[PDB]
Amino acid sequence: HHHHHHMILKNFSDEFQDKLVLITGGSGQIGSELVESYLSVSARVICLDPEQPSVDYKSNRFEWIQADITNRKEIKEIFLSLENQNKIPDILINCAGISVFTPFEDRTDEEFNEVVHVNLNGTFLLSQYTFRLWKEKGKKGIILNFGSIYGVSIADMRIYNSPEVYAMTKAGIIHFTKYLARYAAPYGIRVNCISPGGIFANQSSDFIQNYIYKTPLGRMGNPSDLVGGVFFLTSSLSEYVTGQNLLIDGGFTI
Amino acid sequence: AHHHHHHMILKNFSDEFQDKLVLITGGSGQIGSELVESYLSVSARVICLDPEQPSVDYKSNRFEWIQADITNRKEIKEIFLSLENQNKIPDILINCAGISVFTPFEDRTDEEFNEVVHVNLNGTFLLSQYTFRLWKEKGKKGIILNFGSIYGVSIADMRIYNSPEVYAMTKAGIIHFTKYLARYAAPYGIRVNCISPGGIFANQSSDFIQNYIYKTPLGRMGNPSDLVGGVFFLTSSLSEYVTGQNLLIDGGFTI
Ligand SMILES: NC(=O)c1ccc[n+]([C@@H]2O[C@H](COP(=O)([O-])OP(=O)(O)OC[C@H]3O[C@@H](n4cnc5c(N)ncnc54)[C@H](O)[C@@H]3O)[C@@H](O)[C@H]2O)c1
Ligand SMILES: NC(=O)c1ccc[n+]([C@@H]2O[C@H](COP(=O)([O-])OP(=O)(O)OC[C@H]3O[C@@H](n4cnc5c(N)ncnc54)[C@H](O)[C@@H]3O)[C@@H](O)[C@H]2O)c1
């Protein structure tokens with residue numbers, strides 16, 4: 001017996017080159033980092049966002065579609081166009097999300113409903129159109145949703161303010177991930193979720209200090225801290241992983 | 001006869017692991033041997049601690065087997081002294097050793113119960129303790145990866161068979177130890193995470209496999225290779241900001 005061992009070197013380009021990534025909220029802080037990361041491994045990326053991207057990517061593999069994921073008419077038209085052009089996504093990333101910052105006792109129905117519509121309806125709508133398309137085509141697509149530490153833990157009001165509706169909708173996204181994972185599994189479709197901890201953006205160093213005190217790894221996150229888990233959950237590295245919520249938070253929610 | 005083997009290596013992981021030394025308890029077992037082979041293929045150095053000899057000759061001077069019993073403090077102490085003496089300070093500790101027993105709860109003896117506790121709980125505790133103390137002293141930003149189970153999260157259905165109370169107890173204990181040590185060791189830059197596999201295809205009956213696959217959304221039992229991606233994820237810079245987590249790799253079984 002002579003055993004010959006051969007080492008085939010591969011890159012995340014080999015995973016993602018020429019794959020098509022549909023990302024809602026791709027113009028935002030986390031979304032832009034994911035767009036740039038996928039483009040750098042030769043993926044095609046479609047961004048759905050009412051806001052123009054922050055940078056000119058200067059790339060024939062990038063497309064921005066100005067769209068509002070709370071609007072079924074707009075999303076329906078986009079998916080007709082995608083199907084008509086045979087731009088069938090391999091990966092859907094439901095990154096779009098919003099919040100509101102006044103106290104519970106002052107929450108208006110307009111505030112509450114807007115957070116529900118972006119976070120819950122938007123993730124439902126994109127997942128519904130994408131699931132139906134993949135089912136029609138037999139595509140073994142992958143969905144990645146975005147939760148939050150505040151869909152698992154409860155925000156400390158003394159640290160500042162995260163509202164009740166954000167906790168509600170992020171807990172709902174985490175559970176919808178499990179629901180659609182079980183529902184879509186017979187079609188070969190995987191569905192997981194990433195819940196980031198606090199990402200450094202425009203917070204007062206009063207909040208930052210209080211936040212870092214609760215974080216074992218002793219710092220706030222950056223968008224780059226999420227890319228590895230995003231790639232993990234949307235690549236062949238996680239073929240047997242579905243229905244999971246992955247907390248990337250430096251140990252905040254331990 | 002000639003036998004050709006093809007190992008797909010991710011450059012990110014070869015570049016990442018080529019200077020790493022991985023200490024894996026239970027590395028001779030079904031999952032452990034797959035992890036040893038995978039780490040060797042991305043140029044890591046691997047030390048396997050196991051009372052049983054590996055069943056494969058890896059034919060690599062980057063591999064070392066140490067015959068060892070992780071329930072024996074004196075044995076582990078002397079091994080860790082030798083590792084320090086030889087400049088073999090691990091970068092990654094994988095607590096993969098684990099056992100179970102299969103008679104019914106009402107027939108569990110204390111010898112059975114205590115043996116499962118000692119391998120699963122004492123062994124993970126002891127190896128984590130010697131490794132933590134050494135890293136803290138050397139200032140090494142090591143990574144620990146523990147092994148839970150779906151049955152430390154969910155509860156076994158005995159109509160599918162034998163999975164015992166003490167396995168559920170100790171795997172839940174390892175999952176929570178992961179969170180404890182993650183918080184405890186974080187000030188020293190040490191990360192601690194856990195992987196909980198679903199059931200792995202081996203020598204089960206065809207009736208068992210049918211019943212198991214029926215509970216699994218992805219419609220199949222696991223294979224050791226299904227775990228390598230998450231093992232690599234949690235022991236590489238791709239997870240720098242991830243600590244204290246239990247990652248279920250189970251095809252949706254717990255849903
Ligand atoms: N930033 C953090 O600290 C943090 C922490 C945990 C979770 N998250 C979550 O991560 C995801 C991304 O957050 P971010 O920090 O990049 O936010 P951001 O505010 O920088 O980006 C959100 C993006 O969503 C887009 N968007 C808003 N409404 C939309 C709509 N109706 N249709 C389509 N797009 C819409 C916005 O235009 C924006 O580009 C969100 O789900 C958020 O809840 C963020
Ligand atoms: N195999 C599965 O279906 C499955 C599912 C979930 C979790 N797990 C867990 O995954 C890990 C590996 O499981 P496996 O299926 O490869 O098991 P296995 O029985 O094939 O291997 C276990 C290894 O641990 C070693 N070991 C036993 N006692 C030891 C001791 N005192 N000191 C050092 N090593 C010792 C054994 O010699 C063996 O090589 C275990 O923790 C197990 O509980 C396995």
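Side chains included, hydrogens not; waters and symmetry mates left out as well; all remaining heavy atoms used. Within every chain, numbering begins at 1; the chains are lettered A, B, ... in the order of the sequence lines, protein sequences first and strands thereafter.
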*chain A: which of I249(B), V242(B), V192(B), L227(B) shares the most heavy-atom pairs with it under 4.5 Å?*
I249(B)

*State the NZ-OG1 distance between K178(A) and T254(B), to the nearest 0.5 angstrom.*
8.0 Å

*Give a yes or no on this: more than 12 heavy atoms of other residues, nucleotides or ligands lie within 6.0 Å of atom CD of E34(B).*
yes

*Given that the side chain runs from C-beta out, which part of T243(B) has a heavy atom under 4.5 Å from chain A: side chain, backbone, both or neither?*
both

_Name of the residue among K140(B), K20(B), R45(B) meeting salt bridge (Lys or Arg N to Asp or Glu O under 4.0 Å) with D91(B)_ = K140(B)

*Is chain B contacted by the side chain of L246(A), its backbone, both, or neither, given a heavy-atom distance below 4.5 Å?*
side chain

*When heavy-atom pairs shorter than 4.5 Å are enumerated against chain A, which of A182(B), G230(B), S225(B) gives the highest number?*
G230(B)

*asked:* Tell me which of these, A185(A), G188(A), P186(A), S238(A), has more heavy-atom pairs under 4.5 Å with chain B than the rest.
replied: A185(A)

*For chain A, which of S236(B), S237(B), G222(B) has the most heavy-atom pairs under 4.5 Å?*
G222(B)

*Testing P197(B), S196(B), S149(B) for side chain to side chain contact (heavy atoms under 4.5 Å, CB included) with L248(B), which one passes?*
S196(B)

*Begin from the C-alpha positions of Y39(B) and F17(B) and carry the test ring pair (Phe, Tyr, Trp, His ring centres under 6.0 Å) through to its verdict.*
CA-CA 8 Å; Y39(B) 273 113; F17(B) 290 130; 5.2 Å; yes

*Based on non-hydrogen pairs under 4.5 Å, which of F231(A), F232(A), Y179(A) is most in contact with chain B?*
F232(A)

_Within this structure, what is the CG-CD1 distance for the pair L234(B) and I195(B), rounded to the nearest 0.5 Å?_
5.0 Å

